[PDB]
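Visitor:
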Amino acid sequence: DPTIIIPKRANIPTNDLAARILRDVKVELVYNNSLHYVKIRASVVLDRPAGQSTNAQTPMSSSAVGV
Amino acid sequence: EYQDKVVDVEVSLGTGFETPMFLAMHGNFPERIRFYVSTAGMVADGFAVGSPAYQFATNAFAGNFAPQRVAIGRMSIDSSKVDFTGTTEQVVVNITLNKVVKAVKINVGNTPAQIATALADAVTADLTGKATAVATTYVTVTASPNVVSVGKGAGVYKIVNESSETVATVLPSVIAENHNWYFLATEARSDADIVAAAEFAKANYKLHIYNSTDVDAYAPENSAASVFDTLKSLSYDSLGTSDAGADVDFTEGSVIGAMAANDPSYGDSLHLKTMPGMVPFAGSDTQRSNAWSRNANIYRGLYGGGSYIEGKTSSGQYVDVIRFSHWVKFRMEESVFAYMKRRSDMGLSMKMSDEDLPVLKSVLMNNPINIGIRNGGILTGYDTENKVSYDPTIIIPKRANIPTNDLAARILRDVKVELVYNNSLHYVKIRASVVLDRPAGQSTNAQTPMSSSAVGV
Amino acid sequence: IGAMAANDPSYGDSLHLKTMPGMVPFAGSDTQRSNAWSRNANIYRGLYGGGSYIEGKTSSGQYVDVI
Amino acid sequence: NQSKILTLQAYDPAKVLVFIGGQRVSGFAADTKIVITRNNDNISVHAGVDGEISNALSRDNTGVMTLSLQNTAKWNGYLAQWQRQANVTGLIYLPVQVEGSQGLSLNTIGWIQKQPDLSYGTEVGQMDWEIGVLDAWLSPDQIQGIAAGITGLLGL
Amino acid sequence: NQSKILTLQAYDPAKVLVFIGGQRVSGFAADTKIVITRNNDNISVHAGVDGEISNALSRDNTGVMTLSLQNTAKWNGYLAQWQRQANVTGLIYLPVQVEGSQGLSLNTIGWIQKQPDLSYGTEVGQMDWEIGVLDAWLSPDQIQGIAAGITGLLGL
Amino acid sequence: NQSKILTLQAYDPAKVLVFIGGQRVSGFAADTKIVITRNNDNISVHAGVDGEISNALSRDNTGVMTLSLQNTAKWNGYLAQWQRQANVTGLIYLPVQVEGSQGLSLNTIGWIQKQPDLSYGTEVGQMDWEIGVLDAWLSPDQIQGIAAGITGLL
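Chain order of the listed sequences is C, D, A, J, I and H. So for the first sequence, PDB author numbering puts the first residue at 407; every next one is plus one. Here the second sequence stands for residues 3 to 17, 24 to 96, 99 to 118, 121 to 138, 141 to 150, 152 to 158, 160 to 473, numbered as in PDB author numbering. So for the third sequence, PDB author numbering puts the first residue at 272; every next one is plus one. So for the fourth sequence, PDB author numbering puts the first residue at 3; every next one is plus one. So for the fifth sequence, PDB author numbering puts the first residue at 3; every next one is plus one. So for the sixth sequence, PDB author numbering puts the first residue at 3; every next one is plus one.
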């Protein structure tokens, strides 16, 4: 999300008050990229679509052993 | 990078888990543990086709629960022995200097001695001037710093690698190195080696799997002369099963292929699961009983298919229970450890006070417990025979009960948990009845059946 | 030092389990870990995929957070 | 048994994507975005003279898709222009895709069936476009663990 | 994505102009000024004997337009006089135009279909005139950026 | 355990500035000053007979902000003139920003929804202009700290 910060009167140096200048205002943005190149990986089967295991359990996301 | 094609389309035609570790005898690399993702990776490293490691790897990836990554242990090889005992074209696949596939061939009275010496003669200059072979029924083969691998190609002969390095000392070396493996397997099928591996496995909380061709497995129930007896007598836990092809292709991989991806949280048993690569057991009815009392599982074919039987371990405990206990331990300390680390990274590390200790109930109920209840591994509810509930409970000490010594050492203990395991179904019995004349009649007593007798004295 | 500079002692937080971005996990078996501990020689140890600093005992044996 | 959460992430109406011709559609209204329905049942049953039951599969799979939009959306003008062009020339068939969230999805070829009725009133009105689609079989697609489940069903 | 305002200026019911014969119409009532609807669907579908679907464009484009007025408006008398004159002589066709605000518009030739029913009660009543129109295709017209969007749609 | 003060600075109502169209609003009435409420629940729940439950996320963030002003403030005339001008021309949207003292904030686009009643009596009355906002999400921009990533054992 964009953010904006504005100085408060307690942080303006006395010199800038004489010159009447405000600075250190800060903004933040994120740019959105377009798409240029795309790659495809096609596959043509000949005899039978590849079979899959009958393991109907939910696929675990991590290994129990961690040492 | 430059891409000439804005859109690229390459066409082709015809196209975590608990990783095991197999401790082989070889010298194809200097390290002591290497991870492979397919047999095609092992051949590049100079492993002969049909070699002990090659057979184990292909069986593991062929199961419904393949691990998709395997570890290979390394032990020094001093000699390899090819035994032609038994009546038997006999191709022997060899690889030398990791740069040639010397598939020597023999064709053949027909006694082993003829082929035994014939192959040794064929080995000479069959190049091959960097290795030696000496006959004697069997031939001894030895390398010089040349990688030499021998693998079965046909015939009845078998491969027997040999090494002076003892398993009992190697295992500590391979665990000091990368330890991300669960199943333990070896090719040192001597009686001493199996026992030593079993003892190590239970100390480091690994699972030991092995196969035996010993005929004493199903010897009469009163005779104790097999490995199964020794392991049983020591109250070890190891999933030993008796098979005939174990000593040719090392079918340990097939068993692992049916368990690597099986999540323990479901309480799923190993009973009746298929083992692609094994062969039906040919013993008679009495032999099956003898092996059962031995706690030596068998792979028996029924109604055309093949099915494992009873998954019992050496000590008599069911394997699924053993697996469940390890899963609870491993995935209970991990969740607590992970929560503690997150707190310390923020600077707000946990402190032993009554205001924070209670939080551990939410942590334990989150990762290990609730996952085990959705999948049905953990029972809940109320029992009317015992009149006792089955709900998990957790107790946490309060700051007033921690001894002053533990405060200095910063240790918390006496945390207690309670669980109930859910059993699968193995055997079912039916009592059918066929009527011939009339379905059995019943009394016209339409009163509600009384549940007790009035007289009680 | 990067894990202590901004950590004010007033919270009583310690160096246990803190992550050091750039060190390498200790490899020496498990007994070697025991020898170092008696030496008051802390080690960087990897567990569950990450890296964790274990105990900040000083040379005299007193914990660093106390000092 | 106790209570259980059916999914892990909540169903989000904005995550449902509707594509007509190749452009996402925006401007939905009220509390119903799209409604997908069939025209005929999948199987018709016939009774016999001695208890036999004969079932016949249907070979028609057309359906309807009601799109609810505000009368302040530009897609109203897009659809009106497309309707006029189709009437003038003859091309009426355009692709239609709906990517559901935690639910069934659709991918077929559709056409404009009936123009809705405007109603200028005190509040902002609602226009409902009936889009007819060739095939109306919903596809599990994103939902995982379906191939294994299908082979689990027994029957004879 | 977050929320978004569909337009810049709010829809205003008084900005909707209705012209019959060449004069603006005033005297609307209740919470519904006009309702524009068609009589038949744009395309009728037919099933085949082996799965083929055949579509036929409709060539009838007549519709209805319900005008809601109070029974204290002079346009009631205007319409009654026009109806009597049309019955006597034969001229029944007059132009009809509706200029919508932030919405679709209409421009065609219409006629008076059915006279409403009076109802003198405690409160002030409502009369609804059905005006039939030759062509009932709504036109984007005021809405901008439609020509570019029309060429954007893909289809085969 | 000892009682702890929450914030080192007291809550000053004069630091809660209200900006509509770029001008500061002055002349608020007594008791409450700003009331911000949503219109519908954030998450709806579909309870099942067996026990399975599923939730949906609301995509509507319309809200109503109530401003209370005295009868003698010029901002009443300002709002009346703005209402008339928006009615005749058509443009009805203007920015609205609220800055909290030690609380949450708000910054969206708003419009005048309902005009308040005007009573005349012995005492000076109060008129509550009802302002609607496109989105009613309160923002914790003023408070410093990022613990949302730290929190959450989901």
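Backbone N, C-alpha and C fix where the C-beta goes; we use that ideal spot for every residue, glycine too.
Note down the Cα distance separating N417 of chain C from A16 of chain H, rounded to an integer number of angstroms.
Guide: Walking along the first sequence from the start, residue 417 of chain C turns up at place 11. Walking along the sixth sequence from the start, residue 16 of chain H turns up at place 14. Roughly 21 Å separates the two Cα atoms.
Visitor: What separation, rounded to the nearest whole angstrom, lies between the Cα atoms of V450 of chain C and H48 of chain H?
Guide: For the purposes of this step, residue 450 of chain C is taken as residue 44 along the first sequence, with counting starting at 1. For the purposes of this step, residue 48 of chain H is taken as residue 46 along the sixth sequence, with counting starting at 1. Looking at the two C-alpha atoms, the distance is approximately 44 Å.
Visitor: What does a CB cutoff of less than 7 Å around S103 of chain I pick up in its chain, not counting 5 residues either side in sequence?
Guide: Here the question's residue 103 of chain I lines up with position 101 in the fifth sequence. These residues qualify, in order along the chain: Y13, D14, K17 and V18.
Visitor: Whose Cβ in chain H lies nearer than 9 Å to the Cβ of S378 of chain D?
Guide: Here residue 378 of chain D is taken as the residue at index 362 of the second sequence, counted from 1. Correct list: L155.
Visitor: Please report whether the beta-carbon of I152 of chain H lies at a distance below 8 Å from any beta-carbon of chain D.
Guide: Indexing the sixth sequence from 1 puts residue 152 of chain H at position 150. Yes, its Cβ sits closer than 8 Å to a Cβ of chain D.
Visitor: Taking 8 Å as the CB-CB limit, is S107 of chain I close to chain H?
Guide: Walking along the fifth sequence from the start, residue 107 of chain I turns up at place 105. With 8 Å as the cut-off, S107 of chain I does not count as an interface residue toward chain H.
Visitor: Taking 8 Å as the threshold (C-beta atoms), are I394 of chain D and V436 of chain D in contact?
Guide: The residue given as residue 436 of chain D occupies position 420 in the second sequence. The residue given as residue 394 of chain D occupies position 378 in the second sequence. Result yes, Cβ atoms of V436 of chain D and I394 of chain D sit closer than 8 Å.
Visitor: Compare the beta carbon distance of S459 of chain C and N402 of chain D with 8 Å and say whether it is the shorter of the two.
Guide: Position 53 of the first sequence, counted from the start, is the residue given in the question as residue 459 of chain C. Position 386 of the second sequence, counted from the start, is the residue given in the question as residue 402 of chain D. In this structure, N402 of chain D does not lie closer than 8 Å to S459 of chain C by Cβ.
Visitor: Tell me which residues of the segment 46-67 of chain H have at least one Cβ-Cβ distance to chain J shorter than 7 Å, keeping chain order.
Guide: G53, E54, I55, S56, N57, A58, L59 and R61
Visitor: Can residue 97 of chain D and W197 of chain D be called in contact, C-beta distance under 8 Å?
Guide: Residue numbering in chain D breaks between 96 and 99, and residue 97 of chain D falls inside that break, so it has no position here.
Visitor: What's the C-alpha gap between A113 of chain D and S300 of chain A?
Guide: Translated into positions along the second sequence, residue 113 of chain D becomes position 103. Translated into positions along the third sequence, residue 300 of chain A becomes position 29. Distance between the alpha carbons of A113 of chain D and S300 of chain A: 42 Å.
Visitor: Residues bridged to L255 of chain D by DSSP?
Guide: Position 239 of the second sequence holds residue 255 of chain D. Paired residue(s): D:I225.
Visitor: Within this structure, are the beta carbons of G317 of chain D and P296 of chain D separated by less than 8 Å?
Guide: Numbered from its first residue, the second sequence carries residue 317 of chain D at position 301. Numbered from its first residue, the second sequence carries residue 296 of chain D at position 280. Yes, these two residues count as a Cβ contact at 8 Å.
Visitor: Would a check of beta-carbon distances place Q25 of chain J closer than 8 Å to chain H?
Guide: The count along the fourth sequence starts at 1 and reaches residue 25 of chain J at position 23. Taking Cβ atoms only, chain H never reaches closer than 8 Å to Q25 of chain J, which makes this a no.
Visitor: If we ignore side chains and look at the alpha-carbon of each, how far apart do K6 of chain I and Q99 of chain J end up?
Guide: In the fifth sequence, residue 6 of chain I corresponds to position 4, counting from 1. In the fourth sequence, residue 99 of chain J corresponds to position 97, counting from 1. One C-alpha to the other measures close to 24 Å.
Visitor: Measuring CA to CA, which of D:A192, D:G16 and D:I85 is closest to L452 of chain C?
Guide: Here residue 452 of chain C refers to the residue found at position 46 when the first sequence is read from its first residue. It is D:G16 whose Cα lies nearest to the Cα of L452 of chain C.
Visitor: Give me the DSSP bridge partner(s) of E326 of chain A.
Guide: Taking the first residue of the third sequence as position 1, residue 326 of chain A is located at position 55. In DSSP, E326 of chain A forms no bridge with anything.
Visitor: Under three-state DSSP, which class holds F30 of chain J?
Guide: Here residue 30 of chain J refers to the residue found at position 28 of the fourth sequence. Here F30 of chain J sits in strand by DSSP.
Visitor: Distance check for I410 of chain C and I133 of chain H, CA to CA, integer angstroms please.
Guide: Translated into positions along the sixth sequence, residue 133 of chain H becomes position 131. Translated into positions along the first sequence, residue 410 of chain C becomes position 4. Near 25 Å, if we compare the C-alpha coordinates of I410 of chain C and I133 of chain H.
Visitor: Mind listing the chain J neighbours of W139 of chain I? Cutoff is C-beta to C-beta under 9 Å, in chain order.
Guide: Locating residue 139 of chain I in the fifth sequence gives position 137, where the first residue counts as 1. In chain order: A82, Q85, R86, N89 and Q117.
Visitor: Would you mind working out which of D:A277, D:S258 and D:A448 sits nearest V78 of chain D, comparing C-alpha positions?
Guide: One-based indexing of the second sequence puts residue 78 of chain D at position 70. Nearest of D:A277, D:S258 and D:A448 to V78 of chain D, Cα basis: D:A277.
Visitor: Could you tell me the alpha carbon to alpha carbon distance between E371 of chain D and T290 of chain A, rounded to whole angstroms?
Guide: Reading the second sequence from its first residue, position 355 is the one you call residue 371 of chain D. Reading the third sequence from its first residue, position 19 is the one you call residue 290 of chain A. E371 of chain D and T290 of chain A have their C-alpha atoms some 26 Å from each other.
Visitor: Fully enclosed by the segment 52-92 of chain H, which beta strand (DSSP E) runs are 3 residues long or longer?
Guide: 54-59 and 65-72
Visitor: Can you pull the chain I neighbours of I94 of chain H, defined as C-beta to C-beta under 7 Å?
Guide: Taking the first residue of the sixth sequence as 1, we reach residue 94 of chain H at position 92. Per Cβ cutoff of 7 Å: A12.
Visitor: Against chain I, with Cβ distances strictly below 8 Å, would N3 of chain J count as a contact?
Guide: As a working note, residue 3 of chain J is residue 1 in the fourth sequence. Judged by the 8 Å Cβ criterion, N3 of chain J is not in contact with chain I.
Visitor: Just the chain D side, please: which residues come within less than 9 Å of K328 of chain A by C-beta, in chain order?
Guide: In the third sequence, the residue the question calls residue 328 of chain A occupies position 57. Contacts between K328 of chain A and chain D, judged by CB atoms closer than 9 Å, are missing: the closest CB pair is about 11 Å apart.
Visitor: Quick check: what's the CA-CA separation for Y226 of chain D versus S305 of chain A?
Guide: One-based indexing of the second sequence puts residue 226 of chain D at position 210. One-based indexing of the third sequence puts residue 305 of chain A at position 34. Their Cα atoms are separated by approximately 33 Å.
Visitor: Please check if any C-beta of chain H sits within less than 8 Å of the C-beta of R358 of chain D.
Guide: The sequence position of residue 358 of chain D within the second sequence is 342, counting from 1. Output row for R358 of chain D: interface = yes.
Visitor: Which residue comes first and which comes last in the alpha helix (DSSP H) that contains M50 of chain D?
Guide: The residue labelled residue 50 of chain D in the question sits at position 42 within the second sequence. Counting along the chain, the alpha helix (DSSP H) containing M50 of chain D begins and ends at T47 to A52.
Visitor: Please look up how many angstroms separate the CB atoms of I210 of chain D and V243 of chain D, rounded, as I've assumed it's under 8 Å.
Guide: As a position in the second sequence, residue 210 of chain D is number 194, starting the count at 1. As a position in the second sequence, residue 243 of chain D is number 227, starting the count at 1. With 8 Å as the limit, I210 of chain D and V243 of chain D qualify as a contact, their Cβ atoms being about 5 Å apart.
Visitor: Can you tell me which residues form a DSSP beta bridge with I80 of chain D?
Guide: By one-based count along the second sequence, residue 80 of chain D stands at place 72. Among the bridge pairs identified by DSSP, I80 of chain D is matched with D:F30 and D:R42.
Visitor: If you follow the beta strand (DSSP E) that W139 of chain I is in, where does it begin and where does it stop?
Guide: Counting from 1 along the fifth sequence, the entry for residue 139 of chain I is found at position 137. Unbroken run through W139 of chain I: none, as it is neither H nor E.
Visitor: Along chain H, in chain order, which residues have C-beta atoms closer than 7 Å to that of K6 of chain J?
Guide: Taking the first residue of the fourth sequence as 1, we reach residue 6 of chain J at position 4. What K6 of chain J touches in chain H: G53 and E54.
Visitor: In chain H, which residues lie less than 9 Å from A16 of chain J when you measure between Cβ atoms?
Guide: For the purposes of this step, residue 16 of chain J is identified with residue 14 of the fourth sequence, where counting begins at 1. Near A16 of chain J (Cβ distances below 9 Å), the residues of chain H are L59 and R61.
Visitor: Whose C-alpha, out of D:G273, D:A217 and D:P236, is nearest the C-alpha of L247 of chain D?
Guide: Taking the first residue of the second sequence as 1, we reach residue 247 of chain D at position 231. Checking every option, the nearest Cα to that of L247 of chain D belongs to D:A217.
Visitor: Taking only the alpha-carbon atoms, compute the straight-line gap between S180 of chain D and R42 of chain D and give it to the nearest angstrom.
Guide: Residue 180 of chain D sits at position 164 when you count from the first residue of the second sequence. Residue 42 of chain D sits at position 34 when you count from the first residue of the second sequence. Whole-angstrom Cα-Cα distance: 22 Å.
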